[PDB]
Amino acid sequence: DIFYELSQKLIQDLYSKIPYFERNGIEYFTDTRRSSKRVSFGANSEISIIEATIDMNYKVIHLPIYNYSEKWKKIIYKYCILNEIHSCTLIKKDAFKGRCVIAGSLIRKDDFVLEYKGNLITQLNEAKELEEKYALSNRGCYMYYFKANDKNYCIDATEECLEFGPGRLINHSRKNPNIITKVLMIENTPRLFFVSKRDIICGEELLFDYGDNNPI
């Protein structure tokens, strides 16, 4: 499916960051032109911390950010969302656990992991009808209902579009999740993303508790 094409994009991403991992003694998994969108930061005085925090050549979060204030984590998250920075992940298939998403290298606590990408649905009667259609067709359904900015939304990531990334494939755990969600309103549109709850080591599966009913 896209499962194989996505797995290759992720492997290629990993390959592009190896020189940076090796220079910095960071464990990773084994088995010319440049710019930033003006909308991805605020005042020009934010630029210094961003360029020190994120390596723009390899698109990695170079410095820890769990020590940054709320203001400055938001600045970093916003920047990663809009310039497509993400943690290094990989997909594994298996006869036992099915598909899963693992860390391709260390994910420090509070790092931006991945955006939960899909089609954003703002009318909930459209979402419920979509839900019924997927069930009737015996298709799976990767939909994420949430509340942000006092409004109800749904992100439908069911279509197998490479652009959605591997966020939608993360398995569920209430007992042992290692990521949580956050939302940033950017240009009037909620953007839903995962951040790590702690250091996630290389090879370790990403897990999320999909049952949290509270607002984000």
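Don't overthink the numbering: it's just position in the shown sequence, from 1.
Please count the deposited residues lying between residue 31 and residue 32 that the model leaves without coordinates, and give the class: none, 1 to 3, 4 to 9, or 10 or more. Gap between residue 31 and residue 32: 10 or more unmodelled residues.
Out of 185 to 193 and 157 to 165, which stretch has the higher average CA B-factor listed in the record? Per the deposited B-factors, the answer is 157 to 165.
Do the C-alpha atoms of 86 to 94 or of 73 to 81 have the higher average B factor in the entry? 86 to 94 has the higher mean C-alpha B-factor.
Using the B-factor values recorded in the entry, state whether the Cα atom of residue 172 falls in the lowest, middle or highest third among the modelled residues of its chain. Tercile = lowest for this residue's CA B-factor.
Cα B factor band for residue 126 (lowest, middle or highest third within the chain): CA B-factor rank for residue 126: highest third.
Chain-wide C-alpha B factor ranking for residue 38, given as lowest, middle or highest third: Residue 38: CA B-factor falls in the lowest third of its chain.
Where the record places residue 48 (Cα B-factor, split into thirds across the chain): For residue 48, the deposited C-alpha B-factor lands in the middle third.
Please rank the C-alpha B-factors of the chain's modelled residues and tell me whether residue 207 sits in the lowest, middle or highest third. Lowest third of the chain for residue 207's C-alpha B-factor.
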